[PDB]
Structures are given as C-alpha cells and as structure tokens.
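Content type PDB, C-alpha atoms and all ligand atoms, from the file final21.pdb:
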```pdb
MODEL        1
ATOM      1  CA  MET A   8      93.890  99.373 129.044  1.00  0.00           C
ATOM      2  CA  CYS A   9      96.226 101.319 126.776  1.00  0.00           C
ATOM      3  CA  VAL A  10      98.719 103.506 128.636  1.00  0.00           C
ATOM      4  CA  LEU A  11     100.214 106.921 127.851  1.00  0.00           C
ATOM      5  CA  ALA A  12     103.014 107.636 130.338  1.00  0.00           C
ATOM      6  CA  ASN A  13     100.699 107.660 133.381  1.00  0.00           C
ATOM      7  CA  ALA A  14      97.228 107.777 131.797  1.00  0.00           C
ATOM      8  CA  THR A  15      95.881 104.193 131.611  1.00  0.00           C
ATOM      9  CA  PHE A  16      92.798 105.048 129.563  1.00  0.00           C
ATOM     10  CA  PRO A  17      90.372 102.715 127.755  1.00  0.00           C
ATOM     11  CA  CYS A  18      91.657 102.034 124.260  1.00  0.00           C
ATOM     12  CA  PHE A  19      88.369 102.857 122.532  1.00  0.00           C
ATOM     13  CA  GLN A  20      88.704 106.521 123.607  1.00  0.00           C
ATOM     14  CA  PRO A  21      92.201 108.003 123.338  1.00  0.00           C
ATOM     15  CA  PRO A  22      92.823 111.409 124.947  1.00  0.00           C
ATOM     16  CA  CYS A  23      93.806 112.824 121.531  1.00  0.00           C
ATOM     17  CA  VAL A  24      90.292 112.730 120.021  1.00  0.00           C
ATOM     18  CA  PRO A  25      89.799 114.104 117.475  1.00  0.00           C
ATOM     19  CA  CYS A  26      92.408 113.911 114.688  1.00  0.00           C
ATOM     20  CA  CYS A  27      95.244 112.375 116.688  1.00  0.00           C
ATOM     21  CA  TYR A  28      97.568 112.088 113.696  1.00  0.00           C
ATOM     22  CA  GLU A  29      96.636 115.452 112.181  1.00  0.00           C
ATOM     23  CA  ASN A  30      97.395 117.312 115.417  1.00  0.00           C
ATOM     24  CA  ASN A  31     100.584 115.406 116.300  1.00  0.00           C
ATOM     25  CA  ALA A  32     101.920 112.710 113.971  1.00  0.00           C
ATOM     26  CA  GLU A  33     105.113 111.899 115.872  1.00  0.00           C
ATOM     27  CA  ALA A  34     103.395 111.749 119.263  1.00  0.00           C
ATOM     28  CA  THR A  35     100.754 109.390 117.872  1.00  0.00           C
ATOM     29  CA  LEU A  36     103.429 107.086 116.471  1.00  0.00           C
ATOM     30  CA  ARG A  37     105.286 107.024 119.793  1.00  0.00           C
ATOM     31  CA  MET A  38     101.895 106.361 121.413  1.00  0.00           C
ATOM     32  CA  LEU A  39     101.411 103.250 119.281  1.00  0.00           C
ATOM     33  CA  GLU A  40     105.017 101.977 119.391  1.00  0.00           C
ATOM     34  CA  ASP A  41     104.867 101.020 123.088  1.00  0.00           C
ATOM     35  CA  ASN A  42     101.509  99.200 123.217  1.00  0.00           C
ATOM     36  CA  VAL A  43     102.466  96.468 120.728  1.00  0.00           C
ATOM     37  CA  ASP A  44     102.270  93.843 123.471  1.00  0.00           C
ATOM     38  CA  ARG A  45      98.912  95.221 124.639  1.00  0.00           C
ATOM     39  CA  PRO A  46      96.004  93.107 123.309  1.00  0.00           C
ATOM     40  CA  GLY A  47      94.051  96.305 122.731  1.00  0.00           C
ATOM     41  CA  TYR A  48      96.550  97.356 120.077  1.00  0.00           C
ATOM     42  CA  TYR A  49      94.354  97.237 116.978  1.00  0.00           C
ATOM     43  CA  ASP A  50      91.388  99.137 118.402  1.00  0.00           C
ATOM     44  CA  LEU A  51      93.855 101.717 119.735  1.00  0.00           C
ATOM     45  CA  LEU A  52      95.262 101.886 116.198  1.00  0.00           C
ATOM     46  CA  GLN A  53      91.758 102.347 114.781  1.00  0.00           C
ATOM     47  CA  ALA A  54      91.072 105.143 117.264  1.00  0.00           C
ATOM     48  CA  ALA A  55      94.361 106.973 116.678  1.00  0.00           C
ATOM     49  CA  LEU A  56      94.047 107.034 112.872  1.00  0.00           C
ATOM     50  CA  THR A  57      90.474 108.194 112.187  1.00  0.00           C
ATOM     51  CA  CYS A  58      88.899 111.637 111.906  1.00  0.00           C
ATOM     52  CA  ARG A  59      86.808 113.708 109.499  1.00  0.00           C
TER
ATOM     53  CA  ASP B 214     120.041 127.468 106.368  1.00  0.00           C
ATOM     54  CA  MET B 215     123.396 127.440 108.117  1.00  0.00           C
ATOM     55  CA  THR B 216     126.882 128.734 107.348  1.00  0.00           C
ATOM     56  CA  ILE B 217     130.180 127.725 108.948  1.00  0.00           C
ATOM     57  CA  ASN B 218     132.585 130.304 107.426  1.00  0.00           C
ATOM     58  CA  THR B 219     135.410 128.149 108.814  1.00  0.00           C
ATOM     59  CA  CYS B 220     136.158 124.797 107.152  1.00  0.00           C
ATOM     60  CA  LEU B 221     135.805 122.798 103.943  1.00  0.00           C
ATOM     61  CA  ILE B 222     132.975 120.538 102.776  1.00  0.00           C
ATOM     62  CA  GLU B 223     134.722 117.293 103.692  1.00  0.00           C
ATOM     63  CA  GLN B 224     134.066 117.730 107.423  1.00  0.00           C
ATOM     64  CA  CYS B 225     130.306 118.236 108.010  1.00  0.00           C
ATOM     65  CA  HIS B 226     127.335 115.990 107.356  1.00  0.00           C
ATOM     66  CA  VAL B 227     123.714 116.053 106.330  1.00  0.00           C
ATOM     67  CA  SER B 228     121.762 113.266 108.022  1.00  0.00           C
ATOM     68  CA  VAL B 229     118.070 113.939 107.535  1.00  0.00           C
ATOM     69  CA  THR B 230     116.054 112.757 110.543  1.00  0.00           C
ATOM     70  CA  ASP B 231     112.563 113.308 109.109  1.00  0.00           C
ATOM     71  CA  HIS B 232     110.660 110.859 111.327  1.00  0.00           C
ATOM     72  CA  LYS B 233     106.836 111.202 111.515  1.00  0.00           C
ATOM     73  CA  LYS B 234     106.313 108.040 109.432  1.00  0.00           C
ATOM     74  CA  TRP B 235     106.690 104.287 109.997  1.00  0.00           C
ATOM     75  CA  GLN B 236     108.748 102.655 107.262  1.00  0.00           C
ATOM     76  CA  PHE B 237     109.312  98.842 107.597  1.00  0.00           C
ATOM     77  CA  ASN B 238     111.478  96.283 109.422  1.00  0.00           C
ATOM     78  CA  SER B 239     113.623  95.431 106.475  1.00  0.00           C
ATOM     79  CA  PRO B 240     116.933  93.539 106.797  1.00  0.00           C
ATOM     80  CA  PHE B 241     118.453  95.963 104.261  1.00  0.00           C
ATOM     81  CA  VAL B 242     117.958  99.150 106.336  1.00  0.00           C
ATOM     82  CA  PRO B 243     119.435  99.716 109.826  1.00  0.00           C
ATOM     83  CA  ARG B 244     117.724 100.400 113.129  1.00  0.00           C
ATOM     84  CA  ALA B 245     117.830 103.809 114.763  1.00  0.00           C
ATOM     85  CA  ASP B 246     117.819 102.518 118.364  1.00  0.00           C
ATOM     86  CA  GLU B 247     118.650  99.177 119.903  1.00  0.00           C
ATOM     87  CA  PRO B 248     115.682  97.667 121.831  1.00  0.00           C
ATOM     88  CA  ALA B 249     113.577  98.821 118.861  1.00  0.00           C
ATOM     89  CA  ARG B 250     110.029 100.157 118.721  1.00  0.00           C
ATOM     90  CA  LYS B 251     108.070  97.867 116.362  1.00  0.00           C
ATOM     91  CA  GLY B 252     104.505  98.329 115.164  1.00  0.00           C
ATOM     92  CA  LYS B 253     101.797  96.224 113.548  1.00  0.00           C
ATOM     93  CA  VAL B 254      99.922  96.554 110.272  1.00  0.00           C
ATOM     94  CA  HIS B 255      97.501  93.986 108.888  1.00  0.00           C
ATOM     95  CA  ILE B 256      98.536  92.798 105.427  1.00  0.00           C
ATOM     96  CA  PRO B 257      95.737  92.310 102.879  1.00  0.00           C
ATOM     97  CA  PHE B 258      94.604  89.288 100.837  1.00  0.00           C
ATOM     98  CA  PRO B 259      94.076  86.479 103.383  1.00  0.00           C
ATOM     99  CA  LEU B 260      94.085  82.796 102.397  1.00  0.00           C
ATOM    100  CA  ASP B 261      90.727  81.113 101.784  1.00  0.00           C
ATOM    101  CA  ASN B 262      88.905  78.099 100.333  1.00  0.00           C
ATOM    102  CA  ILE B 263      87.591  77.585  96.794  1.00  0.00           C
ATOM    103  CA  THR B 264      87.082  74.693  94.357  1.00  0.00           C
ATOM    104  CA  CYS B 265      88.940  73.937  91.105  1.00  0.00           C
ATOM    105  CA  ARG B 266      87.580  72.195  88.029  1.00  0.00           C
TER
ATOM    106  CA  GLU C  99     135.280 102.068 114.845  1.00  0.00           C
ATOM    107  CA  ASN C 100     131.818 100.644 114.168  1.00  0.00           C
ATOM    108  CA  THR C 101     129.882  97.510 115.066  1.00  0.00           C
ATOM    109  CA  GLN C 102     126.897  95.594 113.675  1.00  0.00           C
ATOM    110  CA  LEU C 103     124.479  93.451 115.685  1.00  0.00           C
ATOM    111  CA  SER C 104     123.066  90.576 113.623  1.00  0.00           C
ATOM    112  CA  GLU C 105     120.019  88.735 114.936  1.00  0.00           C
ATOM    113  CA  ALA C 106     117.761  85.994 113.590  1.00  0.00           C
ATOM    114  CA  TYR C 107     115.336  83.345 114.794  1.00  0.00           C
ATOM    115  CA  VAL C 108     112.625  81.014 113.527  1.00  0.00           C
ATOM    116  CA  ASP C 109     108.855  80.781 113.941  1.00  0.00           C
ATOM    117  CA  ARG C 110     105.762  78.819 112.990  1.00  0.00           C
ATOM    118  CA  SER C 111     104.469  79.891 109.590  1.00  0.00           C
ATOM    119  CA  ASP C 112     101.532  82.214 108.990  1.00  0.00           C
ATOM    120  CA  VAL C 113      99.222  79.431 107.770  1.00  0.00           C
ATOM    121  CA  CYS C 114     100.226  76.551 110.047  1.00  0.00           C
ATOM    122  CA  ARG C 115      96.602  76.220 111.199  1.00  0.00           C
ATOM    123  CA  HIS C 116      95.534  75.402 107.621  1.00  0.00           C
ATOM    124  CA  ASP C 117      98.360  73.202 106.274  1.00  0.00           C
ATOM    125  CA  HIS C 118     100.084  70.911 108.779  1.00  0.00           C
ATOM    126  CA  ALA C 119     100.706  67.250 109.576  1.00  0.00           C
ATOM    127  CA  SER C 120      99.690  65.475 112.780  1.00  0.00           C
ATOM    128  CA  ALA C 121     101.707  62.760 114.525  1.00  0.00           C
ATOM    129  CA  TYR C 122      99.609  60.193 116.433  1.00  0.00           C
ATOM    130  CA  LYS C 123      99.836  56.956 118.366  1.00  0.00           C
ATOM    131  CA  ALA C 124      97.026  54.573 117.419  1.00  0.00           C
ATOM    132  CA  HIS C 125      95.714  51.652 119.456  1.00  0.00           C
ATOM    133  CA  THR C 126      92.600  49.687 120.435  1.00  0.00           C
ATOM    134  CA  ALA C 127      90.503  49.806 117.271  1.00  0.00           C
ATOM    135  CA  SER C 128      86.720  49.646 117.616  1.00  0.00           C
ATOM    136  CA  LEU C 129      84.492  48.855 114.664  1.00  0.00           C
ATOM    137  CA  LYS C 130      80.935  49.943 114.035  1.00  0.00           C
ATOM    138  CA  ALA C 131      78.802  48.380 111.338  1.00  0.00           C
ATOM    139  CA  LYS C 132      75.512  48.866 109.528  1.00  0.00           C
ATOM    140  CA  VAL C 133      73.415  45.749 108.962  1.00  0.00           C
ATOM    141  CA  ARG C 134      70.212  45.216 107.008  1.00  0.00           C
ATOM    142  CA  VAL C 135      67.894  42.591 108.510  1.00  0.00           C
ATOM    143  CA  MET C 136      64.795  41.206 106.841  1.00  0.00           C
ATOM    144  CA  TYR C 137      62.355  38.410 107.636  1.00  0.00           C
ATOM    145  CA  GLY C 138      58.640  37.819 107.535  1.00  0.00           C
ATOM    146  CA  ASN C 139      57.488  41.218 106.317  1.00  0.00           C
ATOM    147  CA  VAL C 140      60.076  43.529 107.924  1.00  0.00           C
ATOM    148  CA  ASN C 141      62.879  45.142 105.950  1.00  0.00           C
ATOM    149  CA  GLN C 142      64.922  47.860 107.678  1.00  0.00           C
ATOM    150  CA  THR C 143      68.549  48.721 108.397  1.00  0.00           C
ATOM    151  CA  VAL C 144      70.209  49.358 111.758  1.00  0.00           C
ATOM    152  CA  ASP C 145      73.552  50.790 112.843  1.00  0.00           C
ATOM    153  CA  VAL C 146      75.343  48.773 115.515  1.00  0.00           C
TER
HETATM  154  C1  LIG A 301      89.117  75.860 104.561  1.00  0.00           C
HETATM  155  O1  LIG A 301      88.321  74.781 105.054  1.00  0.00           O
HETATM  156  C2  LIG A 301      88.970  73.982 106.054  1.00  0.00           C
HETATM  157  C3  LIG A 301      88.024  72.851 106.382  1.00  0.00           C
HETATM  158  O2  LIG A 301      86.792  73.346 106.886  1.00  0.00           O
HETATM  159  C4  LIG A 301      89.309  74.844 107.265  1.00  0.00           C
HETATM  160  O3  LIG A 301      89.957  74.059 108.258  1.00  0.00           O
HETATM  161  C5  LIG A 301      89.201  74.241 109.475  1.00  0.00           C
HETATM  162  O4  LIG A 301      89.624  75.428 110.137  1.00  0.00           O
HETATM  163  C6  LIG A 301      88.867  75.713 111.320  1.00  0.00           C
HETATM  164  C7  LIG A 301      89.339  77.056 111.826  1.00  0.00           C
HETATM  165  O5  LIG A 301      88.305  78.028 111.751  1.00  0.00           O
HETATM  166  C8  LIG A 301      89.061  74.591 112.334  1.00  0.00           C
HETATM  167  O6  LIG A 301      88.242  74.863 113.465  1.00  0.00           O
HETATM  168  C9  LIG A 301      88.977  74.571 114.670  1.00  0.00           C
HETATM  169  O7  LIG A 301      88.303  73.560 115.402  1.00  0.00           O
HETATM  170  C10 LIG A 301      88.944  73.197 116.621  1.00  0.00           C
HETATM  171  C11 LIG A 301      88.215  71.996 117.195  1.00  0.00           C
HETATM  172  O8  LIG A 301      88.470  70.869 116.365  1.00  0.00           O
HETATM  173  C12 LIG A 301      88.897  74.405 117.545  1.00  0.00           C
HETATM  174  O9  LIG A 301      89.516  74.072 118.766  1.00  0.00           O
HETATM  175  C13 LIG A 301      89.640  75.573 116.901  1.00  0.00           C
HETATM  176  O10 LIG A 301      89.563  76.715 117.751  1.00  0.00           O
HETATM  177  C14 LIG A 301      89.117  75.878 115.492  1.00  0.00           C
HETATM  178  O11 LIG A 301      87.857  76.513 115.650  1.00  0.00           O
HETATM  179  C15 LIG A 301      88.687  73.249 111.720  1.00  0.00           C
HETATM  180  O12 LIG A 301      89.036  72.194 112.605  1.00  0.00           O
HETATM  181  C16 LIG A 301      89.411  73.037 110.392  1.00  0.00           C
HETATM  182  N1  LIG A 301      88.952  71.818 109.751  1.00  0.00           N
HETATM  183  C17 LIG A 301      89.513  70.623 109.956  1.00  0.00           C
HETATM  184  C18 LIG A 301      88.911  69.476 109.203  1.00  0.00           C
HETATM  185  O13 LIG A 301      90.466  70.474 110.713  1.00  0.00           O
HETATM  186  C19 LIG A 301      90.188  76.009 106.839  1.00  0.00           C
HETATM  187  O14 LIG A 301      90.430  76.867 107.947  1.00  0.00           O
HETATM  188  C20 LIG A 301      89.500  76.787 105.719  1.00  0.00           C
HETATM  189  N2  LIG A 301      90.256  77.973 105.317  1.00  0.00           N
HETATM  190  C21 LIG A 301      91.472  78.054 104.744  1.00  0.00           C
HETATM  191  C22 LIG A 301      92.205  76.770 104.461  1.00  0.00           C
HETATM  192  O15 LIG A 301      91.966  79.139 104.464  1.00  0.00           O
HETATM  193  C1  LIG A 302      64.561  46.614 101.492  1.00  0.00           C
HETATM  194  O1  LIG A 302      64.740  48.024 101.326  1.00  0.00           O
HETATM  195  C2  LIG A 302      65.706  48.403 100.338  1.00  0.00           C
HETATM  196  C3  LIG A 302      65.791  49.909 100.386  1.00  0.00           C
HETATM  197  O2  LIG A 302      64.515  50.483 100.629  1.00  0.00           O
HETATM  198  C4  LIG A 302      65.279  47.869  98.977  1.00  0.00           C
HETATM  199  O3  LIG A 302      66.268  48.187  98.002  1.00  0.00           O
HETATM  200  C5  LIG A 302      65.734  49.094  97.004  1.00  0.00           C
HETATM  201  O4  LIG A 302      65.074  48.399  95.940  1.00  0.00           O
HETATM  202  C6  LIG A 302      64.490  49.272  94.963  1.00  0.00           C
HETATM  203  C7  LIG A 302      63.742  48.392  93.988  1.00  0.00           C
HETATM  204  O5  LIG A 302      64.633  47.618  93.199  1.00  0.00           O
HETATM  205  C8  LIG A 302      65.575  50.124  94.308  1.00  0.00           C
HETATM  206  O6  LIG A 302      64.953  51.068  93.443  1.00  0.00           O
HETATM  207  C9  LIG A 302      65.466  51.015  92.091  1.00  0.00           C
HETATM  208  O7  LIG A 302      66.886  51.158  92.037  1.00  0.00           O
HETATM  209  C10 LIG A 302      67.431  51.135  90.699  1.00  0.00           C
HETATM  210  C11 LIG A 302      68.940  51.215  90.799  1.00  0.00           C
HETATM  211  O8  LIG A 302      69.440  51.706  89.559  1.00  0.00           O
HETATM  212  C12 LIG A 302      66.842  52.307  89.908  1.00  0.00           C
HETATM  213  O9  LIG A 302      67.345  52.273  88.584  1.00  0.00           O
HETATM  214  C13 LIG A 302      65.317  52.209  89.890  1.00  0.00           C
HETATM  215  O10 LIG A 302      64.769  53.307  89.173  1.00  0.00           O
HETATM  216  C14 LIG A 302      64.766  52.148  91.301  1.00  0.00           C
HETATM  217  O11 LIG A 302      65.045  53.405  91.886  1.00  0.00           O
HETATM  218  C15 LIG A 302      66.370  50.878  95.367  1.00  0.00           C
HETATM  219  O12 LIG A 302      67.472  51.547  94.766  1.00  0.00           O
HETATM  220  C16 LIG A 302      66.887  49.922  96.437  1.00  0.00           C
HETATM  221  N1  LIG A 302      67.571  50.658  97.486  1.00  0.00           N
HETATM  222  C17 LIG A 302      68.736  50.265  98.009  1.00  0.00           C
HETATM  223  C18 LIG A 302      69.306  51.142  99.079  1.00  0.00           C
HETATM  224  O13 LIG A 302      69.305  49.246  97.633  1.00  0.00           O
HETATM  225  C19 LIG A 302      65.093  46.361  99.054  1.00  0.00           C
HETATM  226  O14 LIG A 302      64.592  45.875  97.815  1.00  0.00           O
HETATM  227  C20 LIG A 302      64.117  45.993 100.169  1.00  0.00           C
HETATM  228  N2  LIG A 302      63.999  44.549 100.282  1.00  0.00           N
HETATM  229  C21 LIG A 302      62.839  43.898 100.158  1.00  0.00           C
HETATM  230  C22 LIG A 302      62.903  42.410 100.298  1.00  0.00           C
HETATM  231  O15 LIG A 302      61.786  44.485  99.946  1.00  0.00           O
ENDMDL
END
```
Can the structure from this file be put into structure tokens for me?
Ligand SMILES: *[C@@H]1O[C@H](CO)[C@@H](O[C@@H]2O[C@H](CO)[C@@H](O[C@@H]3O[C@H](CO)[C@@H](O)[C@H](O)[C@@H]3O)[C@H](O)[C@H]2NC(C)=O)[C@H](O)[C@H]1NC(C)=O
Ligand SMILES: *[C@@H]1O[C@H](CO)[C@@H](O[C@@H]2O[C@H](CO)[C@@H](O[C@@H]3O[C@H](CO)[C@@H](O)[C@H](O)[C@@H]3O)[C@H](O)[C@H]2NC(C)=O)[C@H](O)[C@H]1NC(C)=O
Amino acid sequence: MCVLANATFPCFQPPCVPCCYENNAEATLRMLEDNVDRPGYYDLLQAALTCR
Amino acid sequence: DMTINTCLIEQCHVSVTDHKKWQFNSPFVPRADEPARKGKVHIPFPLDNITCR
Amino acid sequence: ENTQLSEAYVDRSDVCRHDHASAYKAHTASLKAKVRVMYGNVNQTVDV
C-alpha cells in the first residue's frame, strides 16, 4: 500500500528493515511525510520507528 | 569552517538547516516550503467515562 | 521585498462524537403500556 517513489510495498514491511531511522533519519522522515493521506500511515509509522 | 578574506560581517548569514527532526505545525514558526509536508502523531490522554460522588 | 501567506479554516471538534446536540422532527406518537390484570385466581402483568 505505502509507496516509496516507485516501490508500492506492503506497509507492514518497509524496505528499510531494520533500523530505518538509525540508518537514515532524513530519508525516513521524507518517507513518512508523503503517505499522510494513506490509510496505512500508522502501521507504516510503527514499522519505520522500531528496532533493537 | 570557512573564511571569506574579502568583506565585513554585515554581509553574510548563518541559517542553520539541521533537519532530521519533525518539530510542530505552530502558527508562531514559519513553513520551509509551500504545499507543506505534514505528519501525524497520536497525542496521549484520551477522554473517557467515570462517575463522580 | 517579502510576502506572508496567511491561511485558516474551521473543523468539527475532537470530541464531537461524545458531546453534541441533535435536531429532530417529531410526529405520530405511539404509546405502549404495562397493565396488571387480576380476576378469579390469576394475578399477572402484561406489556401491550
Ligand atoms: C461514555 O459513555 C457513552 C455512553 O455509553 C459513550 O457514548 C457512546 O459512544 C459509542 C461510541 O463507541 C456510541 O456507539 C455508536 O453507536 C452507533 C449506533 O447507534 C454506531 O453507528 C456508531 O458506529 C457507534 O458505535 C454510542 O451510541 C454512544 N452512546 C449513546 C447513548 O449515544 C461515550 O463514547 C463514552 N466515552 C466517552 C464519553 O469518552
Ligand atoms: C399480584 O402480584 C403483585 C406482585 O407480585 C403483588 O404485589 C406484591 O405484594 C407483596 C405483598 O404485600 C409485596 O411484598 C412486600 O412489599 C413491601 C413493600 O415495602 C415490603 O416491605 C415487604 O417486605 C414485602 O416485600 C410486593 O412488594 C408487591 N409487589 C409489587 C410489585 O407491588 C400483589 O399483591 C398481587 N396481588 C394479589 C391480589 O395477590
């Protein structure tokens, strides 16, 4: 559902796993800033900001 | 660091760009670009039912 | 040589689904009742 340029990947599994924010903070923020109208926004947000 | 060797202070500017971090949509700070980006964060403490004596 | 864009609009509040008033048109009332009937050796209450 969620889209990254020309990716169109399911929002539960982003292509940045793992540590999306640790690897690239700015890219992750730009990733989130253009799916605000996408109903899968909050699960995308959960996926982008979690890692051990 | 950078040096100009040419002019005085009252000609150049420091405008830190920083980025990396969402701040807020506050009417007291400007936007950086027109159509805007916008995000979403859930605020805590929802409203609920109880009983008073 | 600068310019400001001022923008504002209005929305339904965050808790409108908990605290709101409803405007209705009312017509054609219908009444129920609950009647207790006894005779002989029968008590007992019905809803009609
Ligand atoms: C505090 O308690 C009150 C009373 O129970 C809550 O109001 C109730 O809120 C629920 C929402 O979960 C309403 O359910 C709704 O029902 C309609 C069908 O009538 C349905 O289409 C909706 O999708 C929704 O499920 C419920 O109607 C409503 N009660 C009344 C009497 O209207 C309130 O939400 C509770 N919480 C607070 C105030 O924070
Ligand atoms: C037909 O049925 C109704 C309900 O079963 C009868 O009324 C009931 O009568 C009894 C006896 O008087 C009531 O019990 C007493 O009530 C008082 C109230 O303070 C309480 O202090 C006593 O300790 C005892 O519980 C009962 O409340 C009452 N129920 C109702 C709903 O009124 C009625 O007498 C019956 N009619 C005939 C002709 O048998």
request  = Report as a ChimeraX atom specification the residues that result from applying the PyMOL selection byres (((not hetatm)) within 10 of (chain A and resi 301)) to the structure here.
outcome  = /B:259-263 /C:113-118
inquiry  = For the PyMOL selection byres (((chain B and resi 252) around 9) and not hetatm), applied here, can you spell out every residue it catches as an NGL selection string?
reply    = (:A and (36 or 39-43)) or (:B and (235 or 237 or 250-251 or 253-254))
ask   = What is the distance, in Å and to one decimal place, between atom CA of residue B:217 and atom CA of residue B:245?
value =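 For atom CA of residue B:217 relative to atom CA of residue B:245, the distance reads 27.5 Å.
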Residues at most 12 Å from ligand LIG 302 (chain A), using all atoms listed in the file? Could they come as a PDB file with C-alpha atoms, keeping the file's coordinate frame?
```pdb
ATOM      1  CA  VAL C 133      73.415  45.749 108.962  1.00  0.00           C
ATOM      2  CA  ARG C 134      70.212  45.216 107.008  1.00  0.00           C
ATOM      3  CA  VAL C 135      67.894  42.591 108.510  1.00  0.00           C
ATOM      4  CA  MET C 136      64.795  41.206 106.841  1.00  0.00           C
ATOM      5  CA  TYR C 137      62.355  38.410 107.636  1.00  0.00           C
ATOM      6  CA  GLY C 138      58.640  37.819 107.535  1.00  0.00           C
ATOM      7  CA  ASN C 139      57.488  41.218 106.317  1.00  0.00           C
ATOM      8  CA  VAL C 140      60.076  43.529 107.924  1.00  0.00           C
ATOM      9  CA  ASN C 141      62.879  45.142 105.950  1.00  0.00           C
ATOM     10  CA  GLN C 142      64.922  47.860 107.678  1.00  0.00           C
ATOM     11  CA  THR C 143      68.549  48.721 108.397  1.00  0.00           C
ATOM     12  CA  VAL C 144      70.209  49.358 111.758  1.00  0.00           C
TER      13      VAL C 144
END
```
message = Using only C-alpha atoms for the distances, tell me which of A:14, A:24, A:9, A:32 is nearest to chain B.
response = A:32
Edge lengths and centre, in Å to one decimal, as lines of an AutoDock Vina configuration file: that's what I need for the box along x, y and z that holds all listed atoms of stretch 218-232 of chain B plus 4 Å on each side.
```
center_x = 123.4
center_y = 120.6
center_z = 107.1
size_x = 33.5
size_y = 27.4
size_z = 16.6
```
inquiry  = the ChimeraX specification (/B :<10) & /C - which residues does that actually catch in the file I just gave you? List them as a PyMOL selection string.
reply    = chain C and resi 102-105+112-113+116
ask   = Smallest atom-to-atom distance to chain A: which of B:248, B:242, B:214, B:233, using only C-alpha atoms?
value = B:233
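Atom pair atom CA of residue A:35 / atom CA of residue A:55: separated by 6.9 Å.
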Distance of atom CA of residue A:38 from atom CA of residue A:23, expressed in Å to one decimal place =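 Interatomic distance, atom CA of residue A:23 to atom CA of residue A:38: 10.4 Å.
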inquiry  = Just want the 10 Å neighbourhood of residue A:29, counted on all atoms listed in the file, with same-chain residues fewer than 4 positions away dropped. Output as a list in words.
reply    = residues 25, 33, 35, 55, 56, 57 and 58 of chain A
task = Skip residue A:19 itself and residues of its chain fewer than 2 positions away, then list as number ranges by chain all residues within 9 Å of it, counting only C-alpha atoms.
result = A: 16-17, 21, 47, 50-51, 53-54
Only C-alpha atoms, please: the residues just picked out, written as a compact mmCIF listing (two decimals), in the frame of the given file.
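Below you can see result02.txt, which holds the result:
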```
# COMPACT_ATOMS: atom_id res chain seq x y z
CA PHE A 16 92.80 105.05 129.56
CA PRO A 17 90.37 102.72 127.76
CA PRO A 21 92.20 108.00 123.34
CA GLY A 47 94.05 96.30 122.73
CA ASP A 50 91.39 99.14 118.40
CA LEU A 51 93.86 101.72 119.74
CA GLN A 53 91.76 102.35 114.78
CA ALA A 54 91.07 105.14 117.26
```
ask   = Which of these residues is nearest to residue B:255, using all atoms listed in the file: A:18, A:10, A:59, A:48?
value = A:48
